[PDB]
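Here is how the chains run, residue by residue.
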Amino acid sequence: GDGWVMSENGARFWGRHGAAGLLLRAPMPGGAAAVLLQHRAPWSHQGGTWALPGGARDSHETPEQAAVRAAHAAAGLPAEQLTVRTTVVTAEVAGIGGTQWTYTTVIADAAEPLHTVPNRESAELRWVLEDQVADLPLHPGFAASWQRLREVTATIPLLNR
């Protein structure tokens, strides 16, 4: 999204069209829901913490496309193996001069926990039971949103058939 947005409070944010991340859900044989998280490599933004695979939204892309593309880049996930459910704006910043920055969480489902090939800033990818996500050292942006995302996820159960 090649550039900065400057906030009203004077911090810069990367990506003119904001960013998007994939919250990908999968059922366990147990039957409970897991989510796929990315452990951020120390050399990347907020390295040492866990968050969603995501990146900057491009000019011609929907938030959904951006998050799915980011998940492919970070984890090798094929789009055909997942199903996008909805989007939630999890962060919104008043930029200087009318402009805006947002982060959009794109909730999606897979039929089972998928095999991943780590690349980019994927130090690790790990399927984490939904109830255990908040036990981890989370990216502070993600952690600020997590409870709200849970409330939303609980109103759309995973698909079948």
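As a convention, residue numbering begins from 1 on each chain and follows the written sequence, not necessarily the numbering found in the entry; residues with no coordinates do not appear. Where side-chain values are given, they derive from all heavy atoms of the structure, hydrogens and water being excluded.

The subject of this paragraph is the pairing of strand 8 (residues 100–109). Throughout this description, buried means an accessible area under 20% of the type-specific maximum (1.4 Å probe, protein chains only), exposed means over 50%, and partly exposed covers the range between. The way it works is that DSSP assigns letters per residue, a run of H or I at least four long becomes a helix, a run of E at least two long becomes a strand, and they are numbered from the N terminus. The buried fraction of strand 8 is high, at 8 of 10 residues. Inspection of the sheet shows strand 3 (residues 19–27) paired to strand 8 by 7 bridges, in the parallel sense. Bridge pairing in strand 8 links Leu 24 to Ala 108. Pairing between strands is defined by DSSP: at least two bridges between them are needed. Taken together, the 10 bridges between strand 7 (residues 83–94) and strand 8 define a ladder with antiparallel strand orientation. Of the residues in strand 8, the one forming a bridge with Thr 86 is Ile 107. Between strand 7 and strand 8, which follow one another and run antiparallel, lie 5 residues, and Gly 97 among them has a positive phi close to 75°.

Below, the discussion takes up the UniProt feature "domain: Nudix hydrolase" (unreviewed entry) in the protein chain. UniProt positions are given in the numbering used here, feature names are shortened, and annotations may be inferred rather than shown by experiment. In the numbering adopted here, UniProt assigns the feature "domain: Nudix hydrolase" (unreviewed entry) to residues 15–149. Helix makes up 17% of residues 15–149 and strand 39%. Its end C-alpha atoms lie 23 Å apart.

Pairs can form between side chains of opposite charge whenever their charged atoms are close. Whenever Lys or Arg places a side-chain nitrogen within 4 Å of a carboxyl oxygen from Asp or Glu, that contact is recorded as a salt bridge. A full pass over the atoms with the stated rule returns 7 salt bridges. Among the ionic pairs, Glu 121 bridges to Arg 40, the shortest N-O distance being 3.6 Å. With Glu 121 in the loop between strand 8 and strand 9 (122–129) and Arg 40 in strand 4 (residues 33–40), this pair connects stretches of sequence that are 81 residues apart. On the basis of relative accessibility, which here comes to 19%, the residue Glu 121 falls in the buried class. Judged by its relative accessible area of 12%, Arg 40 is buried. In this structure, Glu 124 engages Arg 126 in a salt bridge whose closest nitrogen and oxygen atoms are separated by 2.9 Å. The exposure class of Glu 124 is partly exposed, given its relative accessible area of 31%.

Once that is clear, we can look at helix 2 (residues 140–154). One full turn of an α-helix is made of 3.6 residues, so residues set three or four places apart face in the same direction. To estimate how far a helix should reach, multiply one less than its number of residues by 1.5 Å. For helix 2, with 15 residues, the first-to-last C-alpha span of 22 Å sits near the 21 Å given by 1.5 Å per residue. Here the bend at a residue is taken as the angle between two axes, fitted respectively to the seven residues that end there and the seven that start there. The largest bend along helix 2 measures about 45° and falls at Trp 146. Within helix 2, the full set of buried residues consists of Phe 142, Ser 145, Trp 146, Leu 149, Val 152 and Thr 153. Note on definitions: a residue-residue contact is assigned when non-hydrogen atoms from the two residues lie within 4.5 Å. Those residues of helix 2 hidden inside the fold are in contact with strand 3, strand 4, strand 5 (50–51), strand 7 and strand 8.

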